[PDB]
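Each remark here refers to the structure printed beneath this line.
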Amino acid sequence: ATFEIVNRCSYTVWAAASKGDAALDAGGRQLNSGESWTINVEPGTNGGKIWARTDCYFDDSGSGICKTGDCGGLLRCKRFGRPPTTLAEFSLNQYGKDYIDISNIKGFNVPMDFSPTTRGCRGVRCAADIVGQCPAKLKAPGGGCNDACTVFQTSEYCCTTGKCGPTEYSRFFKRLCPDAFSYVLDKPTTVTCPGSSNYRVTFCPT
């Protein structure tokens, strides 16, 4: 599958793509404002995620730090990133279907649109000013708006027992971005697309 990752933000982001135990494609790259990066993701990939990282410094070896979404200090991510991170999530070629969503379960850093570029399903977007509106207790100093599980580490926010409800914090994310997951047991906003669709992820779509 082809994903085109586009940075429409006015600032540089460092895109990342991983399935948790491995990079997808090169795993990460710098995207200046307006740049597009096309990656190829193996069919059958389950549990892939794409995100943006902000305020990164890397040396010549590709080692460094980012203020949001750092993946163990590497330019080319092999593992998932540190919250807060708006997530584009996908599982491809799962019994004939691809499944895509946007998640705020690990917080929000950059607004995102995640849309197919082929026929037969709709995209999803979370483009509200979640950072500007973020509750005081969830604001991350480095930038972004943390989820409550990251901040407070309770069974209720992290849904550790597999039973949890919505919370004042989850409802914040859900009010601003209804089409994104706000907590682990949220009513799913997954979209089902034809198997082997292609996609575009746009940072700062509006």
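Please note that chains go A, B, ... in the order of the structure tokens, that every chain numbers its residues from 1, and that ligands are numbered from 1 in the order shown.
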message: Just want the 6 Å neighbourhood of residue 3 of chain A, counted on only C-alpha atoms, with same-chain residues fewer than 3 positions away dropped. Output as JSON, numbers by chain.
response: {"A": [38, 39, 199, 200]}
Please, could you write that set of residues out with N, CA and C atoms as a short mmCIF file (atom, residue, chain, number, x, y, z; two decimals), in the first residue's frame?
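Result file is out.cif:
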```
data_model
loop_
_atom_site.label_atom_id
_atom_site.label_comp_id
_atom_site.auth_asym_id
_atom_site.auth_seq_id
_atom_site.Cartn_x
_atom_site.Cartn_y
_atom_site.Cartn_z
N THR A 38 6.46 9.80 0.37
CA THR A 38 5.66 8.64 -0.02
C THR A 38 6.34 7.38 0.50
N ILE A 39 5.59 6.57 1.24
CA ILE A 39 6.11 5.32 1.78
C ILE A 39 5.29 4.16 1.25
N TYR A 199 -3.50 5.63 0.67
CA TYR A 199 -3.91 6.65 1.62
C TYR A 199 -3.01 7.88 1.60
N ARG A 200 -3.53 8.98 2.16
CA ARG A 200 -2.75 10.18 2.41
C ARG A 200 -3.00 10.59 3.87
#
```
Sort by chain and increasing residue number a table of all residues of segment 85-130 of chain A within 12 Å of segment 16-29 of chain A, each with its closest pair of atoms and their distance in Å to one decimal, counting only C-alpha atoms, and write it as a tab-separated table.
```
residue	atom	partner	partner_atom	distance
A:85	CA	A:16	CA	10.6
A:86	CA	A:16	CA	11.5
A:87	CA	A:17	CA	10.1
A:88	CA	A:17	CA	9.4
A:89	CA	A:19	CA	9.4
A:90	CA	A:19	CA	9.4
A:91	CA	A:19	CA	9.7
A:92	CA	A:19	CA	11.7
```
N, CA, C and O atoms of the current selection, written as a PDB file, in the first residue's frame:
```pdb
ATOM      1  N   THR A  85       0.766  12.244  21.105  1.00  0.00           N
ATOM      2  CA  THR A  85       0.876  11.984  19.673  1.00  0.00           C
ATOM      3  C   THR A  85      -0.508  11.720  19.119  1.00  0.00           C
ATOM      4  O   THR A  85      -1.127  10.718  19.439  1.00  0.00           O
ATOM      5  N   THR A  86      -0.993  12.563  18.220  1.00  0.00           N
ATOM      6  CA  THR A  86      -2.177  12.251  17.429  1.00  0.00           C
ATOM      7  C   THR A  86      -1.795  11.043  16.550  1.00  0.00           C
ATOM      8  O   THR A  86      -0.707  11.116  15.950  1.00  0.00           O
ATOM      9  N   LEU A  87      -2.622   9.983  16.499  1.00  0.00           N
ATOM     10  CA  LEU A  87      -2.244   8.786  15.766  1.00  0.00           C
ATOM     11  C   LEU A  87      -3.146   8.498  14.584  1.00  0.00           C
ATOM     12  O   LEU A  87      -4.361   8.405  14.750  1.00  0.00           O
ATOM     13  N   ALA A  88      -2.505   8.191  13.428  1.00  0.00           N
ATOM     14  CA  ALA A  88      -3.188   7.543  12.323  1.00  0.00           C
ATOM     15  C   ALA A  88      -2.887   6.057  12.429  1.00  0.00           C
ATOM     16  O   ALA A  88      -1.718   5.685  12.529  1.00  0.00           O
ATOM     17  N   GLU A  89      -3.940   5.250  12.549  1.00  0.00           N
ATOM     18  CA  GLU A  89      -3.781   3.839  12.840  1.00  0.00           C
ATOM     19  C   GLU A  89      -4.421   3.020  11.731  1.00  0.00           C
ATOM     20  O   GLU A  89      -5.483   3.364  11.212  1.00  0.00           O
ATOM     21  N   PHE A  90      -3.755   1.911  11.391  1.00  0.00           N
ATOM     22  CA  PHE A  90      -4.288   1.106  10.307  1.00  0.00           C
ATOM     23  C   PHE A  90      -3.877  -0.353  10.434  1.00  0.00           C
ATOM     24  O   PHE A  90      -2.790  -0.709  10.894  1.00  0.00           O
ATOM     25  N   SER A  91      -4.805  -1.198   9.953  1.00  0.00           N
ATOM     26  CA  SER A  91      -4.521  -2.605   9.724  1.00  0.00           C
ATOM     27  C   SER A  91      -4.965  -2.939   8.305  1.00  0.00           C
ATOM     28  O   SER A  91      -6.097  -2.617   7.963  1.00  0.00           O
ATOM     29  N   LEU A  92      -4.067  -3.547   7.522  1.00  0.00           N
ATOM     30  CA  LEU A  92      -4.316  -3.684   6.087  1.00  0.00           C
ATOM     31  C   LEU A  92      -4.555  -5.166   5.751  1.00  0.00           C
ATOM     32  O   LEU A  92      -3.954  -6.047   6.349  1.00  0.00           O
TER      33      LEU A  92
END
```
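Straight-line separation from atom CA of residue 11 of chain A to atom CA of residue 145 of chain A: 17.9 Å.
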message: Taking 2 positions as the minimum chain separation for residues in the same chain, which residues sit within 7 Å of segment 183-192 of chain A when counting only C-alpha atoms? Answer as a list in words.
response: residues 97, 98, 99, 100, 101, 105, 121, 159, 166, 170, 179, 180, 181 and 194 of chain A
Prev. selection, C-alpha atoms, output as a PDB file, in the first residue's frame:
```pdb
ATOM      1  CA  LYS A  97     -10.674  -5.229   4.273  1.00  0.00           C
ATOM      2  CA  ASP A  98      -8.479  -2.385   5.468  1.00  0.00           C
ATOM      3  CA  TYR A  99      -9.305  -0.604   8.733  1.00  0.00           C
ATOM      4  CA  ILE A 100      -8.263   2.979   9.481  1.00  0.00           C
ATOM      5  CA  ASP A 101      -8.832   5.389  12.343  1.00  0.00           C
ATOM      6  CA  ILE A 105      -5.914   7.797  23.219  1.00  0.00           C
ATOM      7  CA  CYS A 121     -14.557   4.709   1.785  1.00  0.00           C
ATOM      8  CA  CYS A 159      -8.916   0.926  31.094  1.00  0.00           C
ATOM      9  CA  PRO A 166     -15.803   7.991  29.547  1.00  0.00           C
ATOM     10  CA  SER A 170     -11.963  11.768  27.424  1.00  0.00           C
ATOM     11  CA  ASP A 179     -14.339  11.107  14.726  1.00  0.00           C
ATOM     12  CA  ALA A 180     -11.280  10.080  16.779  1.00  0.00           C
ATOM     13  CA  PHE A 181     -10.978   7.542  19.585  1.00  0.00           C
ATOM     14  CA  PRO A 194     -11.440  -2.044   0.455  1.00  0.00           C
TER      15      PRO A 194
END
```
query: Using only C-alpha atoms, which of the listed residues (A:161, A:206, A:46, A:182) sits closest to residue 102 of chain A?
result: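 Closest candidate: A:182.
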query: Near residue 54 of chain A, within 8 Å and counting only C-alpha atoms, which residues show up once chain neighbours fewer than 5 positions away are dropped, as a VMD selection string?
result: chain A and resid 12 to 14 66 to 69
How about saving the chosen residues, C-alpha atoms kept, as a PDB file, in the first residue's frame?
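Wrote it out as result27.pdb, contents follow:
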```pdb
ATOM      1  CA  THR A  12       8.695  21.418  10.313  1.00  0.00           C
ATOM      2  CA  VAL A  13       7.548  18.036  11.532  1.00  0.00           C
ATOM      3  CA  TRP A  14       9.370  14.760  11.644  1.00  0.00           C
ATOM      4  CA  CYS A  66      11.954  15.408  19.954  1.00  0.00           C
ATOM      5  CA  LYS A  67       9.568  17.250  22.290  1.00  0.00           C
ATOM      6  CA  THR A  68       6.535  15.207  21.155  1.00  0.00           C
ATOM      7  CA  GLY A  69       6.416  11.685  19.792  1.00  0.00           C
TER       8      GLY A  69
END
```
7 Å contact set for residue 114 of chain A, only C-alpha atoms, chain neighbours under 3 positions out, as a compact mmCIF listing (two decimals) with N, CA and C atoms, in the first residue's frame:
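Listing of selection-v3.txt after writing:
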```txt
# COMPACT_ATOMS: atom_id res chain seq x y z
N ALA A 88 -2.50 8.19 13.43
CA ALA A 88 -3.19 7.54 12.32
C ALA A 88 -2.89 6.06 12.43
N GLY A 123 -12.64 9.43 4.56
CA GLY A 123 -11.53 9.68 5.47
C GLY A 123 -12.02 10.12 6.85
N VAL A 124 -11.05 10.32 7.74
CA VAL A 124 -11.37 10.86 9.06
C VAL A 124 -10.40 11.98 9.36
N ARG A 125 -10.81 12.89 10.25
CA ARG A 125 -10.00 14.05 10.54
C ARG A 125 -10.18 14.43 12.01
N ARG A 200 -3.53 8.98 2.16
CA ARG A 200 -2.75 10.18 2.41
C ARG A 200 -3.00 10.59 3.87
N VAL A 201 -1.91 10.88 4.56
CA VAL A 201 -2.01 11.50 5.87
C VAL A 201 -1.52 12.92 5.73
N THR A 202 -2.37 13.87 6.09
CA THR A 202 -2.05 15.29 6.00
C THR A 202 -2.00 15.89 7.40
```
task: Please report, as a ChimeraX atom specification, each residue of segment 43-162 of chain A to which DSSP assigns strand (DSSP E) when run on this structure's backbone.
output: /A:48-58,64-68,87-94,97-103,112-116,124-126
Just write the chosen residues, N, CA and C atoms, as an mmCIF file, in the first residue's frame.
```
data_model
loop_
_atom_site.group_PDB
_atom_site.id
_atom_site.type_symbol
_atom_site.label_atom_id
_atom_site.label_comp_id
_atom_site.auth_asym_id
_atom_site.auth_seq_id
_atom_site.Cartn_x
_atom_site.Cartn_y
_atom_site.Cartn_z
ATOM 1 N N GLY A 48 -0.200 -0.821 12.319
ATOM 2 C CA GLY A 48 0.670 0.257 11.908
ATOM 3 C C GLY A 48 0.154 1.603 12.410
ATOM 4 N N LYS A 49 1.100 2.518 12.638
ATOM 5 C CA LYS A 49 0.733 3.866 13.050
ATOM 6 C C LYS A 49 1.663 4.868 12.381
ATOM 7 N N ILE A 50 1.102 6.029 12.082
ATOM 8 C CA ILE A 50 1.875 7.160 11.566
ATOM 9 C C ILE A 50 1.574 8.312 12.496
ATOM 10 N N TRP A 51 2.603 9.093 12.781
ATOM 11 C CA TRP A 51 2.437 10.276 13.640
ATOM 12 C C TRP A 51 3.471 11.325 13.244
ATOM 13 N N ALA A 52 3.289 12.525 13.811
ATOM 14 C CA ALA A 52 4.256 13.598 13.665
ATOM 15 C C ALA A 52 4.964 13.799 14.984
ATOM 16 N N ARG A 53 6.225 14.185 14.874
ATOM 17 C CA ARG A 53 7.020 14.623 16.003
ATOM 18 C C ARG A 53 7.398 16.068 15.790
ATOM 19 N N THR A 54 7.436 16.827 16.885
ATOM 20 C CA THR A 54 7.727 18.245 16.867
ATOM 21 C C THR A 54 8.990 18.567 17.656
ATOM 22 N N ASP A 55 9.641 19.652 17.207
ATOM 23 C CA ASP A 55 10.805 20.216 17.875
ATOM 24 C C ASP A 55 11.875 19.161 18.097
ATOM 25 N N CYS A 56 12.387 18.601 17.005
ATOM 26 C CA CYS A 56 13.383 17.552 17.070
ATOM 27 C C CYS A 56 14.763 18.124 16.721
ATOM 28 N N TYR A 57 15.781 17.522 17.335
ATOM 29 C CA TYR A 57 17.186 17.736 17.017
ATOM 30 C C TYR A 57 17.805 16.374 16.771
ATOM 31 N N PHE A 58 18.447 16.192 15.626
ATOM 32 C CA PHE A 58 19.128 14.967 15.331
ATOM 33 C C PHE A 58 20.544 15.303 14.873
ATOM 34 N N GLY A 64 18.934 11.661 18.463
ATOM 35 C CA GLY A 64 18.574 12.945 18.987
ATOM 36 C C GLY A 64 17.381 12.870 19.942
ATOM 37 N N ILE A 65 16.542 13.891 19.874
ATOM 38 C CA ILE A 65 15.422 14.055 20.773
ATOM 39 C C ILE A 65 14.363 14.894 20.059
ATOM 40 N N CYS A 66 13.089 14.584 20.360
ATOM 41 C CA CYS A 66 11.954 15.408 19.954
ATOM 42 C C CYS A 66 11.110 15.718 21.178
ATOM 43 N N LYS A 67 10.412 16.846 21.167
ATOM 44 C CA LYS A 67 9.568 17.250 22.290
ATOM 45 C C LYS A 67 8.219 16.551 22.320
ATOM 46 N N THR A 68 7.693 16.070 21.177
ATOM 47 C CA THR A 68 6.535 15.207 21.155
ATOM 48 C C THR A 68 6.869 14.030 20.244
ATOM 49 N N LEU A 87 -2.622 9.983 16.499
ATOM 50 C CA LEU A 87 -2.244 8.786 15.766
ATOM 51 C C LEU A 87 -3.146 8.498 14.584
ATOM 52 N N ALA A 88 -2.505 8.191 13.428
ATOM 53 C CA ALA A 88 -3.188 7.543 12.323
ATOM 54 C C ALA A 88 -2.887 6.057 12.429
ATOM 55 N N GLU A 89 -3.940 5.250 12.549
ATOM 56 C CA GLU A 89 -3.781 3.839 12.840
ATOM 57 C C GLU A 89 -4.421 3.020 11.731
ATOM 58 N N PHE A 90 -3.755 1.911 11.391
ATOM 59 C CA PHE A 90 -4.288 1.106 10.307
ATOM 60 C C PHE A 90 -3.877 -0.353 10.434
ATOM 61 N N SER A 91 -4.805 -1.198 9.953
ATOM 62 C CA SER A 91 -4.521 -2.605 9.724
ATOM 63 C C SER A 91 -4.965 -2.939 8.305
ATOM 64 N N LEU A 92 -4.067 -3.547 7.522
ATOM 65 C CA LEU A 92 -4.316 -3.684 6.087
ATOM 66 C C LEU A 92 -4.555 -5.166 5.751
ATOM 67 N N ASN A 93 -5.442 -5.373 4.785
ATOM 68 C CA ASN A 93 -5.696 -6.713 4.217
ATOM 69 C C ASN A 93 -6.059 -7.710 5.314
ATOM 70 N N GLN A 94 -7.044 -7.333 6.116
ATOM 71 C CA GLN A 94 -7.537 -8.167 7.209
ATOM 72 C C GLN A 94 -8.824 -8.801 6.702
ATOM 73 N N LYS A 97 -10.300 -6.605 3.949
ATOM 74 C CA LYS A 97 -10.674 -5.229 4.273
ATOM 75 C C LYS A 97 -9.473 -4.530 4.910
ATOM 76 N N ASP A 98 -9.387 -3.221 4.679
ATOM 77 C CA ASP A 98 -8.479 -2.385 5.468
ATOM 78 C C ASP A 98 -9.278 -1.583 6.499
ATOM 79 N N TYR A 99 -8.647 -1.342 7.671
ATOM 80 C CA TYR A 99 -9.305 -0.604 8.733
ATOM 81 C C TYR A 99 -8.421 0.584 9.143
ATOM 82 N N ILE A 100 -9.027 1.760 9.165
ATOM 83 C CA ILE A 100 -8.263 2.979 9.481
ATOM 84 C C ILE A 100 -9.019 3.781 10.533
ATOM 85 N N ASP A 101 -8.255 4.491 11.370
ATOM 86 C CA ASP A 101 -8.832 5.389 12.343
ATOM 87 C C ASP A 101 -7.791 6.426 12.731
ATOM 88 N N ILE A 102 -8.316 7.470 13.374
ATOM 89 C CA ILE A 102 -7.514 8.429 14.107
ATOM 90 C C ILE A 102 -7.811 8.244 15.587
ATOM 91 N N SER A 103 -6.741 8.315 16.386
ATOM 92 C CA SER A 103 -6.862 8.101 17.824
ATOM 93 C C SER A 103 -6.238 9.264 18.577
ATOM 94 N N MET A 112 -4.654 16.399 12.095
ATOM 95 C CA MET A 112 -4.411 15.371 11.097
ATOM 96 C C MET A 112 -5.693 15.031 10.359
ATOM 97 N N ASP A 113 -5.522 14.779 9.061
ATOM 98 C CA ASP A 113 -6.503 14.172 8.180
ATOM 99 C C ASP A 113 -5.926 12.850 7.692
ATOM 100 N N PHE A 114 -6.745 11.798 7.674
ATOM 101 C CA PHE A 114 -6.320 10.493 7.208
ATOM 102 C C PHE A 114 -7.363 9.984 6.231
ATOM 103 N N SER A 115 -7.021 9.981 4.947
ATOM 104 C CA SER A 115 -8.039 9.806 3.905
ATOM 105 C C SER A 115 -7.507 8.790 2.903
ATOM 106 N N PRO A 116 -8.381 7.949 2.323
ATOM 107 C CA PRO A 116 -7.942 7.160 1.173
ATOM 108 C C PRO A 116 -7.737 8.025 -0.048
ATOM 109 N N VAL A 124 -11.055 10.319 7.744
ATOM 110 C CA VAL A 124 -11.370 10.859 9.059
ATOM 111 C C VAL A 124 -10.401 11.985 9.362
ATOM 112 N N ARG A 125 -10.814 12.892 10.247
ATOM 113 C CA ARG A 125 -9.997 14.047 10.537
ATOM 114 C C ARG A 125 -10.176 14.430 12.007
ATOM 115 N N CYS A 126 -9.097 14.944 12.582
ATOM 116 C CA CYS A 126 -9.140 15.648 13.863
ATOM 117 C C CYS A 126 -8.306 16.901 13.700
#
```
message: List as a ChimeraX atom specification the protein and nucleic acid residues near segment 127-135 of chain A, meaning an atom at most 9 Å away when only C-alpha atoms are counted, but skip any in the same chain fewer than 4 places from it.
response: /A:108-113,139,143-146,169,172-173,176-177,203-206
Dump of C-alpha atoms for the selected residues, as a PDB file, in the first residue's frame:
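Output file part.pdb is given in full below:
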```
ATOM      1  CA  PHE A 108      -2.797  15.111  20.625  1.00  0.00           C
ATOM      2  CA  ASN A 109       0.122  17.052  19.205  1.00  0.00           C
ATOM      3  CA  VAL A 110      -0.626  17.952  15.570  1.00  0.00           C
ATOM      4  CA  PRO A 111      -3.985  18.101  13.708  1.00  0.00           C
ATOM      5  CA  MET A 112      -4.411  15.371  11.097  1.00  0.00           C
ATOM      6  CA  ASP A 113      -6.503  14.172   8.180  1.00  0.00           C
ATOM      7  CA  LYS A 139      -1.002  20.325  28.996  1.00  0.00           C
ATOM      8  CA  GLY A 143       3.906  20.955  23.553  1.00  0.00           C
ATOM      9  CA  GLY A 144       0.705  19.019  23.023  1.00  0.00           C
ATOM     10  CA  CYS A 145      -2.174  17.779  25.120  1.00  0.00           C
ATOM     11  CA  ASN A 146      -1.652  14.534  26.993  1.00  0.00           C
ATOM     12  CA  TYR A 169     -10.892  14.229  30.138  1.00  0.00           C
ATOM     13  CA  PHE A 172     -12.805  16.927  26.124  1.00  0.00           C
ATOM     14  CA  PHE A 173     -11.102  15.142  23.248  1.00  0.00           C
ATOM     15  CA  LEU A 176     -13.406  18.646  19.802  1.00  0.00           C
ATOM     16  CA  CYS A 177     -12.835  15.564  17.602  1.00  0.00           C
ATOM     17  CA  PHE A 203      -0.716  17.176   9.004  1.00  0.00           C
ATOM     18  CA  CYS A 204      -2.468  20.539   9.597  1.00  0.00           C
ATOM     19  CA  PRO A 205      -5.167  19.887   6.958  1.00  0.00           C
ATOM     20  CA  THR A 206      -6.950  23.207   7.513  1.00  0.00           C
TER      21      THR A 206
END
```
task: Assign secondary structure with DSSP using the backbone only, and return the residues of segment 18-204 of chain A in helix (DSSP H, G or I) as a PyMOL selection string.
output: chain A and resi 130-133+136-138+148-152+155-158+168-176
query: atom CA of residue 74 of chain A and atom CA of residue 117 of chain A, how far apart in Å?
result: 29.4 Å
